[PDB]
Amino acid sequence: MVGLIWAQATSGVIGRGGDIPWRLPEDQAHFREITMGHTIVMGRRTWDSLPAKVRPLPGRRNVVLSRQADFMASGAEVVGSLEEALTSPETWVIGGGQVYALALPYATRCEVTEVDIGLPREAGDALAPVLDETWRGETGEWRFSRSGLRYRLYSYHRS
Ligand SMILES: NC(=O)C1=CN([C@@H]2O[C@H](COP(=O)(O)OP(=O)(O)OC[C@H]3O[C@@H](n4cnc5c(N)ncnc54)[C@H](OP(=O)(O)O)[C@@H]3O)[C@@H](O)[C@H]2O)C=CC1
Ligand SMILES: Nc1nc(=O)c2c([nH]1)NCC(CNc1ccc(C(=O)N[C@@H](CCC(=O)O)C(=O)O)cc1)=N2
Ligand SMILES: [Co+2]
Ligand SMILES: [Co+2]
């Protein structure tokens, strides 16, 4: 099982300036619940974006994809191809834009948080992958985050 998990603006933006232009504590808690105990696979830029406090993210096998053969990520495994990272029964791809796109053909689940923020797409933004016909979607209801933004969770799946 390979799943992707991400939060996006309605426009599809997931990242800007190497970070994320919002933070929803309820969404991060959901992220922790879904990924805890499992493999998480991330691009090197997303590793760099993790707060030092949660590098590596606890209770998870942290795997970092990089083309730098000697890149070191303390507490993580650094691999040079995505296939090396897919050995565990449940693997969660946690971004960013490049690695979501690379992982999508392997994926059967996407856990998507849509954030009700009006953020037009800009050059250099990281974007959510596009989910075609093969994906079946189940939406939840809109919720209010203590951060002030509304959000809702989509669970997409395919065989
Ligand atoms: N909203 C959300 O839910 C999330 C948002 N984000 C945001 O996304 C942005 C980062 O996404 P992005 O810029 O797309 O970068 P990624 O996080 O996708 O990492 C890109 C890097 O991964 C490595 N990589 C990519 N493809 C390959 C490959 N085929 N083989 C080997 N290594 C590879 C390279 O590392 P190297 O350069 O070391 O070779 C490349 O520079 C940040 O803004 C981050 O905050 C991230 C995760 C979730
Ligand atoms: N749905 C989703 N939202 C995100 O914000 C998100 C995502 N997916 N995938 C990757 C990603 C990259 N950034 C980050 C940043 C911080 C933490 C973090 O601190 N996580 C703690 C949260 C614990 C909690 O809040 O209860 C963890 O232990 O997972 C995780 C991912 N962020
Ligand atoms: Co689990
Ligand atoms: Co269903």
Side-chain angles (χ1 to χ4, degrees), residues 1-9 11-115 121 124-138 140 151-159:
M1 200 297 298
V2 177
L4 275 53
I5 179 155
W6 74 82
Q8 61 177 77
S11 65
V13 174
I14 60 154
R16 176 172 289 178
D19 206 90
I20 304 173
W22 63 78
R23 190 171 288 175
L24 272 72
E26 304 89 351
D27 178 47
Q28 288 191 325
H30 164 74
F31 167 93
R32 179 189 159 274
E33 167 85 7
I34 291 293
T35 56
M36 177 56 74
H38 307 307
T39 296
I40 58 178
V41 187
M42 77 196 80
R44 187 271 304 165
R45 295 194 185 150
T46 291
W47 170 261
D48 288 349
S49 83
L50 293 179
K53 328 250 174 280
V54 288
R55 239 175 68 187
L57 288 162
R60 284 150 282 191
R61 171 190 173 212
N62 286 231
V63 186
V64 171
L65 184 58
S66 179
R67 294 187 184 91
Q68 189 183 333
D70 73 337
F71 184 80
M72 292 318 150
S74 175
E77 274 169 61
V78 180
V79 302
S81 76
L82 180 70
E83 288 71 16
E84 298 174 49
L86 309 178
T87 42
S88 308
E90 189 164 340
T91 299
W92 286 94
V93 174
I94 64 160
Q98 296 183 13
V99 170
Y100 288 136
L102 185 65
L104 194 66
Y106 294 103
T108 49
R109 292 180 63 182
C110 298
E111 289 294 314
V112 181
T113 302
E114 183 190 354
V115 182
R121 291 182 303 270
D125 288 350
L127 305 181
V130 172
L131 298 190
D132 65 24
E133 302 217 8
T134 68
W135 290 93
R136 291 177 68 100
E138 320 148 340
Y151 69 103
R152 55 177 170 195
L153 307 179
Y154 295 76
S155 296
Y156 295 90
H157 60 106
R158 67 172 174 177
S159 308

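Note that the numbering runs from 1 along the sequence shown for the chain. These values consider heavy atoms only, across backbone and side chains, with no hydrogens, waters or symmetry-generated copies.
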Of the non-hydrogen atoms in [X] and [Y], which two are nearest, and what is the gap between them?
X    : Y    : value
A128 : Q8   : CB-OE1, 3.4 Å
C110 : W6   : SG-CZ3, 3.7 Å
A85  : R61  : O-NH1, 3.7 Å
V93  : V2   : CG2-CG1, 3.9 Å
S88  : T39  : OG-OG1, 2.9 Å
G97  : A126 : N-CB, 4.1 Å

* Under 3.5 Å donor-acceptor, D132 side chain and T134 backbone -> yes
* **Check: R32 side chain, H30 main-chain N or O, donor-acceptor pair, under 3.5 Å** => no
Quick one: side chains of residues 63-73, donor-acceptor pairs under 3.5 Å with protein atoms, not counting sequence neighbours, listed by atom name and distance.
{"from": "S66", "atom 1": "OG", "to": "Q68", "atom 2": "N", "distance (Å)": "3.0"}
{"from": "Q68", "atom 1": "NE2", "to": "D70", "atom 2": "OD1", "distance (Å)": "2.7"}

* Asked: Among pairs that include at least one residue of residues 92-102, which meet side-chain hydrogen bond (donor to acceptor under 3.5 Å, both in side chains), considering only residues two or more places apart or in two chains?
  -> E90-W92
* Asked: For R121 and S11, does a side-chain donor sit closer than 3.5 Å to a side-chain acceptor?
  -> no
* Ignoring hydrogens and angles, state whether a donor on the side chain of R158 or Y156 is under 3.5 Å from an acceptor on the partner side chain. => no
* How long is the gap from CG on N62 to CD on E77, to the nearest 0.5 Å? ->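 Taking CG in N62 and CD in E77, the distance rounds to 9.0 Å.
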* Knowing that exactly one of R109, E111, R136 qualifies, which makes a side-chain hydrogen bond (donor to acceptor under 3.5 Å, both in side chains) with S155? ->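 Exactly one option meets the side-chain hydrogen bond (donor to acceptor under 3.5 Å, both in side chains) with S155, and it is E111.
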Enumerate donor-acceptor pairs with a distance under 3.5 Å from any side-chain N or O in residues 43-53 to protein atoms, sequence neighbours excluded.
{"from": "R44", "atom 1": "NH1", "to": "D48", "atom 2": "OD2", "distance (Å)": "2.8"}
{"from": "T46", "atom 1": "OG1", "to": "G96", "atom 2": "N", "distance (Å)": "3.0"}
{"from": "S49", "atom 1": "OG", "to": "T46", "atom 2": "O", "distance (Å)": "2.7"}

